[PDB]
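Report on the following structure.
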Amino acid sequence: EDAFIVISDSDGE
Amino acid sequence: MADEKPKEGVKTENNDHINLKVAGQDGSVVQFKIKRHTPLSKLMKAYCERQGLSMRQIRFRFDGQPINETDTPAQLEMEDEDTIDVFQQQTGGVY
């Protein structure tokens with residue numbers, strides 16, 4: 001059911 | 001009165017998305033959807049953690065070659081909905 005992950009790679013305050 | 005204005009038909013702050021799997025030979029799997037530059041290691045750390053293993057104890061492959069901690073869906077030249085493979089290792093023991 002939980003075979004799912006969502007990912008990106010730019011972050012900032 | 002209404003504060004209405006038409007909006008211009010451009011959207012410059014979009015990016016591309018791609019759908020990748022990470023799959024073990026116990027048939028254990030995670031689907032992900034990431035921007036075309038996003039590093040593959042963010043997917044392969046999370047796979048390795050839900051399995052409980054040390055990232056050290058495992059190799060990874062795509063389209064005939066290894067993946068590095070920095071390869072991206074640009075770097076590997078990936079088309080959508082593909083699979084990354086995971087593999088175990090067997091050093092030491094009785095010879």
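Residues in the structure tokens are named by chain (A, B, ... in the order shown) and by number from 1 within that chain; ligands are numbered from 1 in the order shown.
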Interface, chain A side, toward chain B (8 Å; only C-alpha atoms) as a list in words: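 Output check: residues 3, 4, 5, 6, 7, 8 and 9 of chain A.
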Return as a short mmCIF file (atom, residue, chain, number, x, y, z; two decimals) with C-alpha atoms, in the first residue's frame the full set of residues in chain B whose backbone-based DSSP assignment is helix (DSSP H, G or I).
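Result saved to result22.cif:
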data_model
loop_
_atom_site.label_atom_id
_atom_site.label_comp_id
_atom_site.auth_asym_id
_atom_site.auth_seq_id
_atom_site.Cartn_x
_atom_site.Cartn_y
_atom_site.Cartn_z
CA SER B 41 20.78 8.49 -4.15
CA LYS B 42 17.79 10.10 -2.39
CA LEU B 43 15.69 7.18 -3.70
CA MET B 44 18.35 4.51 -2.95
CA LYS B 45 19.01 5.67 0.67
CA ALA B 46 15.16 5.43 1.29
CA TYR B 47 14.95 1.94 -0.30
CA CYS B 48 17.93 0.68 1.74
CA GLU B 49 16.37 2.08 5.00
CA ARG B 50 12.85 0.46 4.61
CA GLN B 51 14.71 -2.85 3.94
CA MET B 55 23.97 0.83 2.11
CA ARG B 56 27.47 -0.62 2.26
CA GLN B 57 26.24 -4.27 1.89
#
Coordinates-based distance that separates CA of residue 74 (chain B) from CA of residue 62 (chain B) (Å, one decimal):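 Straight-line distance from CA of residue 62 (chain B) to CA of residue 74 (chain B) works out to 13.3 Å.
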d(CA of residue 27 (chain B), CA of residue 94 (chain B)) in Å: 28.7 Å
CA of residue 23 (chain B) to CA of residue 93 (chain B), distance in Å rounded to a single decimal: 26.8 Å
Those of chain B in DSSP strand (DSSP E or B), formatted as a PyMOL selection string: chain B and resi 17-23+29-35+59-62+65-66+82-87
